[PDB]
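Structure record follows, encoded as structure tokens.
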Amino acid sequence: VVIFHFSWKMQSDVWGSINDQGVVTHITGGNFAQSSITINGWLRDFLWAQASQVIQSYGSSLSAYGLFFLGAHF
Amino acid sequence: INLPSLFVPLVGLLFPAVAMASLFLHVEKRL
Amino acid sequence: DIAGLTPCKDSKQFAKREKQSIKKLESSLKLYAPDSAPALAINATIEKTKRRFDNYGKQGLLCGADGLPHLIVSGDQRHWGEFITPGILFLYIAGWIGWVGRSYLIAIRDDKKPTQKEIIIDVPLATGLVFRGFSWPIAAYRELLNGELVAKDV
Amino acid sequence: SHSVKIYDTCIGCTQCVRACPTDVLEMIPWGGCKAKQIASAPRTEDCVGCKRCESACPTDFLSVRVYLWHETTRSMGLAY
Amino acid sequence: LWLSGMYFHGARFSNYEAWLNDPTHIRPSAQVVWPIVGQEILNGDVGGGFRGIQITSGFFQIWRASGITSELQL
Amino acid sequence: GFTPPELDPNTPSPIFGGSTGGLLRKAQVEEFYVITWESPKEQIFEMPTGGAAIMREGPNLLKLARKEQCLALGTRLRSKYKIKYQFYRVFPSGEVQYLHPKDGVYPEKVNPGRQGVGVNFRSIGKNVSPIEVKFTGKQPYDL
Amino acid sequence: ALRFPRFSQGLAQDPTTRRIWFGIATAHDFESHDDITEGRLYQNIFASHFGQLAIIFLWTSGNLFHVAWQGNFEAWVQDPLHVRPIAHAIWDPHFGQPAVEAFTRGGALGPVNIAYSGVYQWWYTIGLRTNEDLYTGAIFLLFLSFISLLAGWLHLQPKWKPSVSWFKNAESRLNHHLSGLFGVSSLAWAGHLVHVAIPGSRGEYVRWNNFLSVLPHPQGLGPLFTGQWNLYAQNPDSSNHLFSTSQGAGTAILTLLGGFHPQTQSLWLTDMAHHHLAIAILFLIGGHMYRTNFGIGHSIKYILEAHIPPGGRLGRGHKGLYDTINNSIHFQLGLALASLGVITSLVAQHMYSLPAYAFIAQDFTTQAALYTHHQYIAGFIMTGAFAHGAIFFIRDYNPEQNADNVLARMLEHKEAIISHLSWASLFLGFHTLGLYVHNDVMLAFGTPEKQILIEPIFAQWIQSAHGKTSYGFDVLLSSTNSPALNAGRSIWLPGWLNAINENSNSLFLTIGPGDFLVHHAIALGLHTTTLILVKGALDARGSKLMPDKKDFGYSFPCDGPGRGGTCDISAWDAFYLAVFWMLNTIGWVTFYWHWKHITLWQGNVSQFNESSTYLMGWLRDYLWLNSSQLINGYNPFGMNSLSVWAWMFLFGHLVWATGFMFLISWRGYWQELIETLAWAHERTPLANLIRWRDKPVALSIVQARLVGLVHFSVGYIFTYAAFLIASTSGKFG
Amino acid sequence: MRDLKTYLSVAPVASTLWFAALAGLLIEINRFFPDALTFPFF
Ligand code: CLA
Ligand code: CLA
Ligand code: CLA
Ligand code: CLA
Ligand code: CLA
Ligand SMILES: CC1=C(/C=C/C(C)=C/C=C/C(C)=C/C=C/C=C(C)/C=C/C=C(C)/C=C/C2=C(C)CCCC2(C)C)C(C)(C)CCC1
Ligand code: SF4
Ligand code: SF4
Ligand code: SF4
Ligand SMILES: [Ca+2]
């Protein structure tokens, strides 16, 4: 729970890309302040949303991470 | 007059109260 | 053909897959020096991929609607290379392994401290025994006929 | 109250008696072995069903058997 | 032994100097794989004329903060 | 035939500081146990419920809420130290009941005054099938 | 007695909360009750059977009444394809305004539930048209269940209770149940189909007030007795026929076409009438086998004892089996449960491929729900059959009366059976998992053509032998000069071959390598579950680790920590372990079915055909992909009608997870925690004034295994049902 | 030496050396005859 909290909060309110005006687009547009308050938000906005990267890893150089995902489930 | 308006509270609130009170009373003391 | 599949060499989806595969690797080769270590490695695997597709085409595999080489195991003689001759090879190797192990177990069963020779292998005895697996089929056949393969009394 | 039985294969080693937490078993005279002793269970109303006695029996199969049965507050080892 | 392995891999099978030239475009990676069964796909494009497995140990940052500029020092 | 020792109240009890592992309501309403030993000297011993207590030189009488706890303390007293102990069971009546050692000699030592209770004169493999005692209140082992 | 429970004295004297728990969980174990005889046992069984019948009838009439009262039936019969059927109304004071607006569907005046039981299509197929029909039906069923209760009471007094001699009369009971319970019932159903349903599917409304005024056929009952039965098929419904209209209708009442109804995509009603008539004739003729008061017929015992092979390969054959079956109730229950479970999953497999109800093939999520429901029920029934086999072997098995017959010889070579079951399951598991992992690695390295796809050529060959023409095998029924194809070419083969070679239905779907791999997963599941259950049954009477297990009962904690440790050594523990594998295998089965059909219903079968051969495909393209609407049932931007499933979906995840507690954490831990809780309560002011009456104890060992299994399975069922209904209901296709 | 020969034949070390040899053999075989879905010689 601690590392999930850290990862979501960082990808939602700190990390992201800055631009020319100083407009900061975060990895997730502050979706932690409104979606993390119910368990459906954790299952949908965190796991289901963030989980897509690893599922599509196959066929690229991050394929080993997909393989380890499935093997660890096993 | 709306029949659910009466039977859903009674069967969902009253009936379990009565039944559980009675069944506790029956199970939890010596004859 | 068999199960509605078509000879990969004459299929269109099988070719399309080959060209698509080869296409992406070529892209990886680009943006680097034309004759660099990474570029040379990418070239090598491109040639390897072309060889694999041509080898599949040559061996007469069956391709479905996805262009993937399906394997027939019904026993059709046009396809023994897919399952049955590798199966005979496997059965030979596995009988080798099992027979050598059984031979060893029987040979060490007569000492006072037989567990000593199980946690610590007698490698001289093992190397004397390994090569009987070569003839394991004949030995096992004659042991069954003799009636000494299966323990009576049990 | 659990039910403890002693069978005539008992060699009268007495290891089980020395194992029981609640003093259920005992050693009594007999004539069917070389120790002239056999295990008795005169106080099974105090047996907690721990079955330490069975793990201490060196016979095969066991000579001391504990059949768990109706529970008492003595049988359940409850201090409240 | 583990530390020496890390330093040697950073010396020999790394893109540490390329990363040192341009830190925020090159991805650090100090492990390559042998092309045996097609696993060389794991040798992804980490930039810098280098193909390997992007590492997350943060070792490049330590080596840069210590002043290590060549692979002779590693 | 070994008149059991009678419990002597006014016998002191070990020096303890108190614990939350002592007696409870069950000792008030159903029963509790009392163990006694005699202590060649004043020493420290681990309590079967909490920490450490000091047994007094002279009679020691300790009240426990479980017979198993008493036997544990008795074993520890008997083999770590070399001390002979006896324990009783007390009911809310004011009755006491000498419990152990029942006939003066420890049960690991055979005594010629004991009868056999729950002994079967056959090997455990000769119990009848449950089908043989179906619909009668008996158990195949109780036979 | 003098306390709950009274059927048990040992539990009534238990001063702990256990007495309550166990008091509930042994209420129907009549053989372990105090003062039990055989007469009491049999009479109690009879009475509770009557009670179960009453419950069933009350349940089905509740369904009918609610569909009639708060339902959608009259509107639904007008346009079965473009209106959703309503199950019942919702009244929930916890609902919010947007939820009220979101759940009001189907043209209702308030929040309602959409029915997925398929009762609308069933009742529409058999003849019900108006709400008055459903009201009469519900009233009749209330009447029937009241009479069931009355009979259950009447057969419990003296003055009417039967003797155990009566209950063991097997020949007459079989005679009646075959000829009467199965035969006359099926005959009567054929009568209803011919008199009410077939006319109802042609415009006419035959009811009680006029059915003596209507001929089912223009030449009623003439053909039947004159022998000219063909006249009852001389004019079938033309293939351009709207279901409950007379446009394109015929007059035939019995026929054998084999295809589907073109508009409804279901079986012809006249075909079902003919089928029930035929099997009624078969049951009636076959129910005159066994001997009763009339001096003719068979004696089951003699047939059993006469079937012993010379040469003695079967020992004493079936000598003594009649008495061990007739006297053992658990043997009878095991046989009944086995047959019932097999035919239950047969129902599940036949109802999706050969639909019987009109417009149910086009309601996709009704199909999915029905299939999954019946398959899970069949799995539970199979596990129960094996559990009662084990219970029989413990309680009712008599070794010396069964000397050397088939039962004893089963018991005496149990090692060979168990070892070979284990070999088969090891082989299947090793190789199925290995092929799946090989494929997964091949696709992770970006090389699709390096996969080990095996064409399911035997199943494809069988499909060819049924008439399918997509693999080009040219066998029976897809040959052209075969005797098989020529012999039925005029009766049912036209319709059959037309339906099977159509690829928009589910009759013999096209299969590929993914089907091969998943079928072998299914085979492994079956073999491992049967390994666990058979090992539990054949080892129930004792093993080498505990040779005297039989006198410990069916269910017990363990045999202490001695001899190495004997946790989960009961046969009950074997059942407990096998339920996990049953759940897992039925999960594989239903996952396979749902994905194949959900890709077929979208016209995207290549999506399955290609991504089903590696497990990342199953995870991503099936689980993660089809779960978006469900988890979006409610979000920070509002909720929709799927919210109730989105909630239940998480519910099933919670329940499942807490089932892990009772399965991982063990009794000792909890017992000591409870004892310190008891100290705390007794020691605190203003609350020690209140005293419990049973000393709180941690759950038993077996009780905890049971509770954990119940939680696990409930969570399982609920989350999968939520996902299935929400993913099919969301796309509605 | 004699005892070193003994220890080098204890079960874990014997099996790791055996499996390393087997791995080397299989690796080289598939390095010479790569991407083999069948037996194409006879
Ligand atoms: C097993 C059949 C069954 C089932 C599952 C339901 C289920 C439901 N009914 Mg219902 N009902 C039934 C039969 C059934 N009914 C019958 C036969 C009648 C008489 C024709 C009614 C008349 C009825 C009315 C008038 C209403 C409901 C309502 C409801 C819903 C609210 C829950 C409730 O208030 O309880 C049901 C309330 C009742 C008064 C039911 C009493 C009649 C049955 C026979 C009682 C049986 C009790 C029995 C002793 C226990 C059986 C054992 C077993 C079920 C555990 C609910 C979905 C309410 C609703 O519409 O929700 C929106 C509503 O107002 N029902
Ligand atoms: C994903 C979880 C999982 C897996 C993989 C298995 C797998 C297996 N179960 Mg099991 N089971 C599970 C969960 C699982 N179970 C759960 C939750 C329960 C409920 C408690 C059970 C209860 C249960 C029972 C009661 C039984 C089994 C049995 C079996 C075996 C069946 C035989 C077989 O299929 O051949 C093999 C299948 C495999 C999947 C093995 C694959 C593993 C490969 C070999 C790894 C290869 C190692 C590789 C070289 C690298 C290793 C890494 C390195 C660090 C060493 C099998 C090994 C039955 C049995 O024993 O069979 C005789 C048995 O009776 N299971
Ligand atoms: C016609 C079907 C049938 C019949 C008549 C019986 C009859 C019997 N079974 Mg049996 N059984 C069956 C099917 C059947 N079973 C099936 C299908 C299974 C597989 C699941 C089992 C597995 C089974 C086992 C393992 C055992 C029995 C036992 C028994 C005997 C005592 C049962 C009892 O009173 O316990 C009391 C009744 C209960 C404890 C039920 C209460 C708890 C249930 C399981 C929870 C219900 C789920 C939950 C409430 C619903 C979800 C909640 C909500 C959120 C939806 C009894 C003679 C027991 C026995 O004594 O053997 C001789 C025994 O141990 N059965
Ligand atoms: C012709 C005489 C006759 C008839 C009609 C019956 C009828 C019945 N007996 Mg009885 N019996 C008889 C003679 C008869 N018996 C005699 C002479 C004896 C003395 C030996 C007995 C002794 C006896 C005992 C001891 C018991 C019965 C029981 C039963 C009931 C069985 C349980 C049940 O209802 O399941 C229903 C069965 C069916 C509907 C037919 C089976 C259908 C199969 C399984 C599948 C159908 C598939 C099809 C697609 C279904 C469509 C589904 C769709 C519509 C939704 C049943 C109503 C049991 C009972 O009383 O329960 C209360 C029972 O305990 N009988
Ligand atoms: C999701 C599964 C799950 C859940 C819900 C729990 C829940 C709990 N665990 Mg547990 N645990 C689990 C898995 C789970 N565990 C597993 C898998 C293991 C194995 C490692 C353990 C091992 C474990 C240990 C060793 C211990 C616990 C303890 C506890 C309790 C902590 C005290 C507490 O939180 O109070 C609050 C209760 C909750 C937070 C549960 C949810 C409450 C719901 C949301 C309230 C709803 C009320 C509702 C209105 C009820 C009315 C409904 C009506 C129809 C009747 C708690 C009830 C500890 C304990 O006992 O505490 C003293 C303890 O020591 N757990
Ligand atoms: C434990 C136990 C028990 C139980 C058991 C069981 C549970 C069993 C089962 C089983 C099962 C579950 C079985 C199944 C089966 C089936 C079968 C065996 C089948 C079949 C069939 C056939 C032969 C077919 C044929 C055909 C036809 C007819 C036509 C078409 C073609 C075909 C080929 C398909 C008891 C109590 C008894 C006793 C004790 C022990
Ligand atoms: S179960 Fe425990 S208390 Fe009872 S006799 Fe055995 S060891 Fe002693
Ligand atoms: S341990 Fe077993 S054999 Fe020895 S005395 Fe006790 S019961 Fe008898
Ligand atoms: S189930 Fe519990 S008491 Fe029984 S052997 Fe296992 S750990 Fe011990
Ligand atoms: Ca079709």
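Chain lettering (A, B, ...) mirrors the order of the structure tokens, residue numbering begins at 1 for each chain separately, and ligand numbering begins at 1 in order of display.
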
Could you list, as an mmCIF file with N, CA, C and O atoms, in the first residue's frame, all residues that come within 10 Å of ligand 6? Count only C-alpha atoms and all ligand atoms.
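Generated file (out27.cif):
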data_model
loop_
_atom_site.group_PDB
_atom_site.id
_atom_site.type_symbol
_atom_site.label_atom_id
_atom_site.label_comp_id
_atom_site.auth_asym_id
_atom_site.auth_seq_id
_atom_site.Cartn_x
_atom_site.Cartn_y
_atom_site.Cartn_z
ATOM 1 N N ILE G 325 -26.184 -51.483 -1.806
ATOM 2 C CA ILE G 325 -26.785 -50.277 -2.362
ATOM 3 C C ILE G 325 -28.115 -49.971 -1.695
ATOM 4 O O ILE G 325 -28.407 -48.820 -1.373
ATOM 5 N N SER G 328 -27.535 -48.714 1.985
ATOM 6 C CA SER G 328 -26.728 -47.517 2.142
ATOM 7 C C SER G 328 -27.436 -46.351 1.480
ATOM 8 O O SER G 328 -27.669 -46.368 0.270
ATOM 9 N N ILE G 329 -27.770 -45.337 2.271
ATOM 10 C CA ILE G 329 -28.384 -44.156 1.686
ATOM 11 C C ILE G 329 -27.336 -43.285 1.022
ATOM 12 O O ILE G 329 -27.627 -42.607 0.033
ATOM 13 N N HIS G 330 -26.107 -43.293 1.531
ATOM 14 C CA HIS G 330 -25.064 -42.474 0.929
ATOM 15 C C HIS G 330 -24.647 -43.008 -0.429
ATOM 16 O O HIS G 330 -24.300 -42.228 -1.314
ATOM 17 N N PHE G 331 -24.683 -44.323 -0.622
ATOM 18 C CA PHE G 331 -24.428 -44.881 -1.945
ATOM 19 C C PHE G 331 -25.473 -44.401 -2.941
ATOM 20 O O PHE G 331 -25.144 -43.983 -4.059
ATOM 21 N N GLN G 332 -26.746 -44.461 -2.551
ATOM 22 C CA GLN G 332 -27.809 -43.988 -3.424
ATOM 23 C C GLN G 332 -27.650 -42.510 -3.728
ATOM 24 O O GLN G 332 -27.830 -42.080 -4.872
ATOM 25 N N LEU G 333 -27.320 -41.715 -2.716
ATOM 26 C CA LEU G 333 -27.151 -40.286 -2.937
ATOM 27 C C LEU G 333 -25.969 -40.012 -3.846
ATOM 28 O O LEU G 333 -26.029 -39.117 -4.688
ATOM 29 N N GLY G 334 -24.887 -40.770 -3.701
ATOM 30 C CA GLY G 334 -23.748 -40.585 -4.576
ATOM 31 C C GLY G 334 -24.069 -40.908 -6.018
ATOM 32 O O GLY G 334 -23.693 -40.169 -6.927
ATOM 33 N N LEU G 335 -24.787 -42.004 -6.249
ATOM 34 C CA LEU G 335 -25.170 -42.352 -7.615
ATOM 35 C C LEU G 335 -26.095 -41.301 -8.206
ATOM 36 O O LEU G 335 -25.930 -40.874 -9.359
ATOM 37 N N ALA G 336 -27.092 -40.876 -7.427
ATOM 38 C CA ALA G 336 -28.015 -39.854 -7.893
ATOM 39 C C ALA G 336 -27.274 -38.571 -8.231
ATOM 40 O O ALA G 336 -27.501 -37.976 -9.286
ATOM 41 N N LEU G 337 -26.376 -38.138 -7.351
ATOM 42 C CA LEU G 337 -25.647 -36.904 -7.586
ATOM 43 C C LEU G 337 -24.747 -37.018 -8.803
ATOM 44 O O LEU G 337 -24.627 -36.072 -9.578
ATOM 45 N N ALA G 338 -24.103 -38.168 -8.993
ATOM 46 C CA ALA G 338 -23.241 -38.336 -10.156
ATOM 47 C C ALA G 338 -24.035 -38.207 -11.446
ATOM 48 O O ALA G 338 -23.685 -37.415 -12.333
ATOM 49 N N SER G 339 -25.113 -38.982 -11.567
ATOM 50 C CA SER G 339 -25.908 -38.905 -12.787
ATOM 51 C C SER G 339 -26.484 -37.515 -12.978
ATOM 52 O O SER G 339 -26.493 -36.983 -14.094
ATOM 53 N N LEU G 340 -26.951 -36.898 -11.897
ATOM 54 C CA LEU G 340 -27.552 -35.580 -12.004
ATOM 55 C C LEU G 340 -26.536 -34.547 -12.454
ATOM 56 O O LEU G 340 -26.848 -33.691 -13.279
ATOM 57 N N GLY G 341 -25.314 -34.611 -11.935
ATOM 58 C CA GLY G 341 -24.302 -33.656 -12.342
ATOM 59 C C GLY G 341 -23.909 -33.818 -13.794
ATOM 60 O O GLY G 341 -23.743 -32.831 -14.520
ATOM 61 N N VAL G 342 -23.773 -35.062 -14.247
ATOM 62 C CA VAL G 342 -23.423 -35.273 -15.647
ATOM 63 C C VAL G 342 -24.519 -34.740 -16.555
ATOM 64 O O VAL G 342 -24.250 -34.027 -17.527
ATOM 65 N N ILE G 343 -25.781 -35.041 -16.240
ATOM 66 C CA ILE G 343 -26.829 -34.534 -17.113
ATOM 67 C C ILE G 343 -27.029 -33.037 -16.941
ATOM 68 O O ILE G 343 -27.535 -32.382 -17.849
ATOM 69 N N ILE G 381 -22.269 -30.283 -8.090
ATOM 70 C CA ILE G 381 -22.939 -31.570 -7.944
ATOM 71 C C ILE G 381 -21.951 -32.717 -8.084
ATOM 72 O O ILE G 381 -22.039 -33.718 -7.369
ATOM 73 N N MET G 382 -21.002 -32.607 -9.011
ATOM 74 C CA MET G 382 -20.015 -33.673 -9.166
ATOM 75 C C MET G 382 -19.173 -33.819 -7.908
ATOM 76 O O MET G 382 -18.938 -34.940 -7.416
ATOM 77 N N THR G 383 -18.696 -32.698 -7.376
ATOM 78 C CA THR G 383 -17.921 -32.765 -6.143
ATOM 79 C C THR G 383 -18.731 -33.404 -5.025
ATOM 80 O O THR G 383 -18.201 -34.191 -4.234
ATOM 81 N N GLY G 384 -20.027 -33.107 -4.963
ATOM 82 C CA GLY G 384 -20.860 -33.724 -3.951
ATOM 83 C C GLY G 384 -21.015 -35.217 -4.137
ATOM 84 O O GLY G 384 -21.041 -35.975 -3.165
ATOM 85 N N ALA G 385 -21.142 -35.659 -5.387
ATOM 86 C CA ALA G 385 -21.221 -37.086 -5.660
ATOM 87 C C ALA G 385 -20.011 -37.805 -5.095
ATOM 88 O O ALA G 385 -20.133 -38.834 -4.417
ATOM 89 N N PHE G 386 -18.823 -37.259 -5.336
ATOM 90 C CA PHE G 386 -17.633 -37.938 -4.832
ATOM 91 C C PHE G 386 -17.538 -37.862 -3.312
ATOM 92 O O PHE G 386 -17.115 -38.829 -2.657
ATOM 93 N N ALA G 387 -17.927 -36.726 -2.726
ATOM 94 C CA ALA G 387 -17.917 -36.614 -1.271
ATOM 95 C C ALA G 387 -18.815 -37.658 -0.633
ATOM 96 O O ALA G 387 -18.459 -38.261 0.387
ATOM 97 N N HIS G 388 -19.978 -37.899 -1.218
ATOM 98 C CA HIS G 388 -20.861 -38.889 -0.626
ATOM 99 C C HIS G 388 -20.398 -40.305 -0.914
ATOM 100 O O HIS G 388 -20.687 -41.208 -0.127
ATOM 101 N N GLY G 389 -19.667 -40.519 -2.002
ATOM 102 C CA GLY G 389 -18.981 -41.789 -2.152
ATOM 103 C C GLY G 389 -18.040 -42.063 -0.990
ATOM 104 O O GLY G 389 -18.037 -43.155 -0.416
ATOM 105 N N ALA G 390 -17.246 -41.063 -0.620
ATOM 106 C CA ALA G 390 -16.342 -41.233 0.516
ATOM 107 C C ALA G 390 -17.111 -41.472 1.808
ATOM 108 O O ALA G 390 -16.739 -42.332 2.621
ATOM 109 N N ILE G 391 -18.180 -40.707 2.026
ATOM 110 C CA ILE G 391 -18.976 -40.886 3.238
ATOM 111 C C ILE G 391 -19.547 -42.292 3.295
ATOM 112 O O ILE G 391 -19.614 -42.906 4.364
ATOM 113 N N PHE G 392 -19.980 -42.824 2.154
ATOM 114 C CA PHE G 392 -20.446 -44.201 2.124
ATOM 115 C C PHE G 392 -19.339 -45.150 2.537
ATOM 116 O O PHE G 392 -19.537 -46.027 3.383
ATOM 117 N N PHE G 393 -18.163 -44.999 1.932
ATOM 118 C CA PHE G 393 -17.074 -45.917 2.232
ATOM 119 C C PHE G 393 -16.732 -45.912 3.709
ATOM 120 O O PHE G 393 -16.305 -46.935 4.248
ATOM 121 N N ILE G 394 -16.918 -44.782 4.384
ATOM 122 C CA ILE G 394 -16.640 -44.750 5.816
ATOM 123 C C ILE G 394 -17.791 -45.351 6.614
ATOM 124 O O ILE G 394 -17.595 -46.272 7.414
ATOM 125 N N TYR G 397 -20.060 -48.937 4.565
ATOM 126 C CA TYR G 397 -19.386 -50.029 3.883
ATOM 127 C C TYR G 397 -19.099 -51.160 4.854
ATOM 128 O O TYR G 397 -18.570 -50.935 5.947
ATOM 129 N N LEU G 407 -16.569 -53.819 -5.529
ATOM 130 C CA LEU G 407 -16.271 -52.748 -4.584
ATOM 131 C C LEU G 407 -14.996 -53.040 -3.803
ATOM 132 O O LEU G 407 -14.109 -52.181 -3.691
ATOM 133 N N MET G 410 -12.027 -52.764 -6.009
ATOM 134 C CA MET G 410 -11.668 -51.363 -6.163
ATOM 135 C C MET G 410 -10.831 -50.899 -4.989
ATOM 136 O O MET G 410 -9.795 -50.253 -5.156
ATOM 137 N N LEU G 411 -11.283 -51.221 -3.781
ATOM 138 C CA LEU G 411 -10.565 -50.779 -2.592
ATOM 139 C C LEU G 411 -9.164 -51.365 -2.523
ATOM 140 O O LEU G 411 -8.260 -50.739 -1.966
ATOM 141 N N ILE G 462 -14.238 -35.098 -36.322
ATOM 142 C CA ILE G 462 -15.570 -35.431 -35.828
ATOM 143 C C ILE G 462 -16.589 -34.425 -36.345
ATOM 144 O O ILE G 462 -17.672 -34.798 -36.807
ATOM 145 N N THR G 530 -10.638 -35.183 -10.226
ATOM 146 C CA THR G 530 -10.981 -36.560 -9.937
ATOM 147 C C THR G 530 -9.870 -37.261 -9.179
ATOM 148 O O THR G 530 -10.148 -38.136 -8.364
ATOM 149 N N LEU G 533 -10.469 -36.237 -5.536
ATOM 150 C CA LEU G 533 -11.676 -36.819 -4.967
ATOM 151 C C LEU G 533 -11.563 -38.328 -4.828
ATOM 152 O O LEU G 533 -11.971 -38.896 -3.811
ATOM 153 N N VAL G 534 -11.025 -39.003 -5.842
ATOM 154 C CA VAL G 534 -10.893 -40.451 -5.797
ATOM 155 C C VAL G 534 -9.890 -40.859 -4.737
ATOM 156 O O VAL G 534 -10.079 -41.858 -4.040
ATOM 157 N N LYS G 535 -8.803 -40.102 -4.598
ATOM 158 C CA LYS G 535 -7.857 -40.385 -3.533
ATOM 159 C C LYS G 535 -8.512 -40.219 -2.174
ATOM 160 O O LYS G 535 -8.257 -41.000 -1.258
ATOM 161 N N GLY G 536 -9.373 -39.215 -2.031
ATOM 162 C CA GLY G 536 -10.073 -39.049 -0.769
ATOM 163 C C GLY G 536 -11.056 -40.169 -0.491
ATOM 164 O O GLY G 536 -11.238 -40.570 0.659
ATOM 165 N N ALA G 537 -11.698 -40.685 -1.534
ATOM 166 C CA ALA G 537 -12.686 -41.743 -1.340
ATOM 167 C C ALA G 537 -12.011 -43.071 -1.035
ATOM 168 O O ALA G 537 -12.352 -43.739 -0.054
ATOM 169 N N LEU G 538 -11.054 -43.476 -1.866
ATOM 170 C CA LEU G 538 -10.410 -44.770 -1.695
ATOM 171 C C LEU G 538 -9.509 -44.818 -0.472
ATOM 172 O O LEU G 538 -9.180 -45.910 -0.006
#

Given a cut-off of 6 Å, what residues near ligand 1 show up using only C-alpha atoms and all ligand atoms, put as an NGL selection string? (:B and (3-4 or 7-8 or 11)) or (:G and (58-59 or 61-62 or 65 or 89-91))

Requested write-out: N, CA and C atoms of the selected residues, as an mmCIF file, in the first residue's frame:
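Written out: again.cif:
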data_model
loop_
_atom_site.group_PDB
_atom_site.id
_atom_site.type_symbol
_atom_site.label_atom_id
_atom_site.label_comp_id
_atom_site.auth_asym_id
_atom_site.auth_seq_id
_atom_site.Cartn_x
_atom_site.Cartn_y
_atom_site.Cartn_z
ATOM 1 N N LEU B 3 -47.131 -0.716 -2.571
ATOM 2 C CA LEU B 3 -46.901 -1.916 -1.775
ATOM 3 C C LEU B 3 -45.437 -2.144 -1.420
ATOM 4 N N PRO B 4 -44.459 -1.927 -2.306
ATOM 5 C CA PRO B 4 -43.064 -2.037 -1.858
ATOM 6 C C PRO B 4 -42.754 -1.165 -0.661
ATOM 7 N N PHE B 7 -43.644 -3.402 2.329
ATOM 8 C CA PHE B 7 -43.134 -4.749 2.533
ATOM 9 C C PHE B 7 -41.617 -4.805 2.522
ATOM 10 N N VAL B 8 -40.932 -3.909 1.816
ATOM 11 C CA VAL B 8 -39.471 -3.971 1.816
ATOM 12 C C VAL B 8 -38.870 -3.505 3.140
ATOM 13 N N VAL B 11 -39.917 -6.502 5.759
ATOM 14 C CA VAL B 11 -39.196 -7.748 5.550
ATOM 15 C C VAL B 11 -37.690 -7.533 5.652
ATOM 16 N N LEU G 58 -42.629 -22.697 -4.366
ATOM 17 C CA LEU G 58 -42.763 -21.319 -3.915
ATOM 18 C C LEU G 58 -41.829 -20.397 -4.676
ATOM 19 N N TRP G 59 -40.614 -20.858 -4.952
ATOM 20 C CA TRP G 59 -39.641 -20.033 -5.659
ATOM 21 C C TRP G 59 -40.090 -19.754 -7.085
ATOM 22 N N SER G 61 -43.079 -19.848 -8.300
ATOM 23 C CA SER G 61 -44.242 -18.973 -8.341
ATOM 24 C C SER G 61 -43.895 -17.546 -7.954
ATOM 25 N N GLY G 62 -42.927 -17.348 -7.066
ATOM 26 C CA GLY G 62 -42.456 -15.998 -6.821
ATOM 27 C C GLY G 62 -41.934 -15.355 -8.087
ATOM 28 N N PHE G 65 -45.026 -14.537 -10.323
ATOM 29 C CA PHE G 65 -45.815 -13.433 -9.802
ATOM 30 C C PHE G 65 -45.099 -12.112 -9.986
ATOM 31 N N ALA G 89 -39.178 -4.848 -9.654
ATOM 32 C CA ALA G 89 -38.910 -3.458 -9.350
ATOM 33 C C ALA G 89 -37.861 -3.349 -8.255
ATOM 34 N N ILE G 90 -37.261 -2.170 -8.167
ATOM 35 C CA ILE G 90 -36.302 -1.846 -7.122
ATOM 36 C C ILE G 90 -36.960 -0.857 -6.180
ATOM 37 N N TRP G 91 -36.863 -1.121 -4.883
ATOM 38 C CA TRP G 91 -37.244 -0.157 -3.860
ATOM 39 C C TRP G 91 -36.118 -0.149 -2.840
#

Residues of chain A no more than 12 Å from chain E, counting only C-alpha atoms: send them over as a PyMOL selection string. chain A and resi 57-67
